[PDB]
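Only one chain is shown below, in structure tokens, and it's the form deposited in one PDB entry.
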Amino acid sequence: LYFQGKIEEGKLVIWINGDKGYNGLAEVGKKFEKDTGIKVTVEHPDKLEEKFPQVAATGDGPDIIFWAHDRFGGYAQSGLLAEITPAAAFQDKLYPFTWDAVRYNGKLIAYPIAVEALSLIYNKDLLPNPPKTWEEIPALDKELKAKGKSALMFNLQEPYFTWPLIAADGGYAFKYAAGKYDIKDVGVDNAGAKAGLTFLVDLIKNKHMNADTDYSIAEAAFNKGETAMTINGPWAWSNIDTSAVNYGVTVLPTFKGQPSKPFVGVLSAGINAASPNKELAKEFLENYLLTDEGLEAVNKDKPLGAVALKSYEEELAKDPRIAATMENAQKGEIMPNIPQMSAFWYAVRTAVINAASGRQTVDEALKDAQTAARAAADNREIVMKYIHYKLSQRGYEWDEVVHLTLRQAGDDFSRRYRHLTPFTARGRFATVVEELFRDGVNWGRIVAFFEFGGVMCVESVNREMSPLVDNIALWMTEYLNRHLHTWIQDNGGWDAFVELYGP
């Protein structure tokens, strides 16, 4: 049980991505160090959002982690984030919708900092008045094509950027009802989604946009003055500042009279559930960072976009680019922090690419994506039921015909085939699963996949490493939805598994 030892208990350790204003954050940390005597260390490790589950599962890692709120759902699932109950006088200082972004299972698990949303960015010299509607963009592109320019270029390869148009007329990921997501209700292939994606493919068919345009092509074309408009977030502003392009930022165009609905990421600060410095961390976030002066120091280094603190958001909003960022956020929806979201994104990414290349119609592309998103939700329930059953066999409490049939097949596999740390569990999981499906996928090796994951979850409880159980559940859910689902659908689905193994 050597993992119980700790590192750097005398300093407040902070993890924040390198593209954020960490030097401005460090400046806030220096003021905190002077007033308290406790040294603040701001680190920006590469891939810190993937390292945090490993280090935090043994009571280690940073005292505070900064990241978009949607990734904090998985952290709160494993119990890696401390539950905060800030005073009402402090909660009233931030916008209510930002607190909703940091609430998991009815508990606040982070402090919201900044509000990031996509906006319409336009070249003021090519287009002094940007269009209010998507519908007028084809006619606008005609005029600019005569002058050797184009109307709009943005990243078509990632559904984060195309979803605002797809959602405008009625598309949705998971129905959101009073702080909860109905994972059985997916709006990927409804009438509104089809209308938005059809408008997008029509732009490509009418040569107003190209299907190969990605982030790098769109950013380079805009920043050199070749296209009049782009769709992007505050993270892209710095590169346009140093270019010769004089750009504005405004509300996204409407589709069929309805607002574009981008998904909103809320930069948030979570406190490590096992940090010995939780009170110091809460003191730093509430009394130093989340003030006008603290947010200004970070925003001056790298623009935060809109902020959760009302007093400083009203000051920032005097610049139309910030008022536009907030306005598109208000017209959009907070990014769901549920784990069924990553499979939604994989499904819609394939659908948009296939529809834009002409390999599928809009109807078939979205129908595939609708089924994939829903089936990936059922796959997670299969994982969670399997692990709960495997832990209940050894008397461990932890948070229809397919479940029963897979249980018995797994018990049969352990009959015929009768140290652990978060770092070693990840390595062995990647090693065994790779060896299982290197020469193909079949039902027998899927059953071996569930049994291997179940047994490893049991050993995690034995080593007093409960958060690793939820880490493993996520790894299994990811691999099943990314590398095994296509084979399952093409081989008859889980019903074919029951018909081969069930009575």
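Residue indices: 1-based, along the sequence shown. Each form is matched to the other, and the largest set of C-alpha atoms that superpose within 1.5 Å is called the rigid core.
Another form exists, deposited in another entry; not displayed. Remarks below refer to it.
When the two forms are superposed on their rigid core between this form and the one not shown, the C-alpha shift of 2 Å or more among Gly179, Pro128, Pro96, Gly257 belongs solely to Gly179. After superposing the rigid core, the C-alpha of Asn491 moves by 2 Å or more between this form and the one not shown. Comparing the forms between this form and the one not shown, the C-alpha position of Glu478 differs by 2 angstroms or more, with the core used for superposition. Put the two forms on the same core and the Cα of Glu50 is off by less than 2 Å between this form and the one not shown.
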